[PDB]
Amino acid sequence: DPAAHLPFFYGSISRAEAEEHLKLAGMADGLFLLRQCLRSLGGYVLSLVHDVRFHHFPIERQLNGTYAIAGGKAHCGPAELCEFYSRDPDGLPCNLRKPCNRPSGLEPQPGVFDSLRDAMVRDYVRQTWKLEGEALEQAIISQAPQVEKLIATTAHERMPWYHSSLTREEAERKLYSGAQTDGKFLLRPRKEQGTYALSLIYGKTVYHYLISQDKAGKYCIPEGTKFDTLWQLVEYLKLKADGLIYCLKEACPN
């Protein structure tokens, strides 16, 4: 990871434990850390403390391999960006004054998605070109440019909760027929091609949330958080409530 070497990079930690580290580190103005963005690919999040309050600024990776906060200047890397903002707040509540370094012995938190992608890539090369051992590991180095991006976008397509060709009625039928537990959900595509539907049960009723993607390629529910992939979308709404009546929990059969 371009940020692994940075001592204030915490990897894929949630906002909650991110704020716990900033709290343990003194909550001084300009106290900051870096963590992986769970909504975008190759993106980061700048967690910042000002006036004893937490400020979280998404850093999304541009098409040309640079990094930028929305409506802010671009930088060649996380190292550069933090170096820049250390001397010019240029939008932030204040400059980055003191890095919230990882405790001794603690390394960046490995991400769920990145490990899933790693296994899917290795699985693709395995069944396609019939390779094993180091001969497979070497093939993954060269055969991970486009497919790495393709497997990420299509990760949901291989997931249990994803249903290939179900209408609203077909979904509601077996949804009830089961444990009827809260949070039991599923995902499915729709007629408008670039849209999907998130169906789940909560207490009494089957709810349905319209998912649409705006070009730039980012999926979202109207007036909701935007994701780069449907997999990240579903995984985000498992822990964070984020608008839903009830966060996702369990899945339906394949």
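Counting begins at 1, following the sequence as shown.
In the PDB record, does 110-118 or 173-181 carry the higher mean Cα temperature factor?
-> For C-alpha atoms only, the mean B-factor is higher in 173-181.
Look up the CA B-factors in the entry and say which stretch, 44-52 or 185-193, has the higher mean.
-> Per the PDB entry, the higher value belongs to 185-193.
Maximum C-alpha temperature factor, selected from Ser165, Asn95, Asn101, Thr153 = Most elevated C-alpha B-factor of the set, per the entry: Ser165.
For the listed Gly26, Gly30, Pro58, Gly224, which has the peak Cα B-factor recorded in the PDB entry?
-> Answer for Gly26, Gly30, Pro58, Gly224: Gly224, with the highest C-alpha B-factor.
Just say lowest, middle or highest third for the CA B-factor of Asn64 relative to the other modelled residues in its chain.
-> Answer is middle: the recorded C-alpha B-factor places it there.
Going by what the PDB entry lists, where does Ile13 fall on CA B-factor within its chain: lowest, middle or highest third?
-> According to the entry, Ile13 has a C-alpha B-factor in the chain's lowest third.
Compared with the other modelled residues in the chain, in which third is the CA B-factor of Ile245?
-> Highest third.
Lowest, middle or highest third: where is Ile211 by C-alpha B factor in its chain?
-> Middle third, going by the recorded CA B-factors of the chain.
Lowest, middle or highest third: where is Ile201 by Cα B-factor in its chain?
-> Its C-alpha B-factor, which the entry lists for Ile201, ranks in the highest third among residues of this chain.
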